[PDB]
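Novice: I'd like to ask some things about the structure below.
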Amino acid sequence: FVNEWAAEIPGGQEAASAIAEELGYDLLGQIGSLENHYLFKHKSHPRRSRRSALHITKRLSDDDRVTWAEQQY
């Protein structure tokens with residue numbers, strides 16, 4: 001119970017990395033093989049039992065317009 005938002009985005013690259021910086025998360029989702037995927041991870045309390053991921057519910061979906069965006073705890 002932490003948070004791992006995985007999403008595939010074709011061109012929102014500059015935005016993907018921008019979200020993490022805009023809200024406050026570490027974006028790591030581009031493997032290069034798919035060159036579009038981008039995932040954020042930030043909570044400051046990864047105790048596998050701490051609900052959070054609130055600030056990531058703004059520029060995430062807003063930027064998610066690219067294609068699709070979903071979280072994963």
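Starting from 1 in every chain, residues are counted up; chains themselves are A, B, ... following the order of the structure tokens, and ligands are numbered from 1 as listed.
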Which residues are close to region 48-55 of chain A, i.e. within 10 Å by only C-alpha atoms, leaving aside same-chain residues fewer than 3 positions away? Reply as a VMD selection string.
Specialist: chain A and resid 1 to 5 20 22 to 25 40 to 45 58 to 60 71 73
Novice: Take the selection from the previous step and output its residues with C-alpha atoms, as a PDB file, in the first residue's frame.
Specialist:
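That gives us selection.pdb:
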```
ATOM      1  CA  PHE A   1       0.000   0.000   0.000  1.00  0.00           C
ATOM      2  CA  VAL A   2       2.197   2.799  -1.331  1.00  0.00           C
ATOM      3  CA  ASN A   3       1.665   4.026  -4.916  1.00  0.00           C
ATOM      4  CA  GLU A   4       2.928   3.302  -8.410  1.00  0.00           C
ATOM      5  CA  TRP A   5       1.249   5.199 -11.224  1.00  0.00           C
ATOM      6  CA  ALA A  20       6.556  14.824 -11.225  1.00  0.00           C
ATOM      7  CA  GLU A  22       4.945  20.158 -10.931  1.00  0.00           C
ATOM      8  CA  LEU A  23       3.180  18.197  -8.178  1.00  0.00           C
ATOM      9  CA  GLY A  24       6.090  16.537  -6.408  1.00  0.00           C
ATOM     10  CA  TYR A  25       6.906  12.998  -7.507  1.00  0.00           C
ATOM     11  CA  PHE A  40       5.402   8.478 -10.674  1.00  0.00           C
ATOM     12  CA  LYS A  41       6.234   7.436  -7.099  1.00  0.00           C
ATOM     13  CA  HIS A  42       6.123   9.771  -4.095  1.00  0.00           C
ATOM     14  CA  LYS A  43       4.592   9.618  -0.616  1.00  0.00           C
ATOM     15  CA  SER A  44       7.350  10.069   1.985  1.00  0.00           C
ATOM     16  CA  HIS A  45       5.910   7.107   3.894  1.00  0.00           C
ATOM     17  CA  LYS A  58      -4.303  16.880 -10.656  1.00  0.00           C
ATOM     18  CA  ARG A  59      -1.611  17.287 -13.311  1.00  0.00           C
ATOM     19  CA  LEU A  60      -1.636  13.491 -13.621  1.00  0.00           C
ATOM     20  CA  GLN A  71      -2.395   4.344 -10.285  1.00  0.00           C
ATOM     21  CA  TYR A  73      -0.683   0.694  -4.873  1.00  0.00           C
TER      22      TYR A  73
END
```
Novice: Using DSSP secondary structure from the backbone, list all helix (DSSP H, G or I) positions within chain A, as a list in words.
Specialist: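 Listing helix (DSSP H, G or I) positions across chain A yields residues 13, 14, 15, 16, 17, 18, 19, 20, 21, 22, 23, 24, 59, 60, 61, 62, 63 and 64 of chain A.
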Novice: Skip residue 29 (chain A) itself and residues of its chain fewer than 4 positions away, then list as a count of residues only all residues within 9 Å of it, counting only C-alpha atoms.
Specialist: 10
Novice: Pull the strand (DSSP E or B) assignments for chain A out of DSSP run on the backbone, and list those residues as a list in words.
Specialist: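 Put together, the selection reads residues 5, 6, 7, 8, 26, 27, 37, 38, 39, 40, 41, 68, 69 and 70 of chain A.
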Novice: Enter the distance from CA of residue 63 (chain A) to CA of residue 10 (chain A), in Å, rounded to one decimal.
Specialist: 11.6 Å
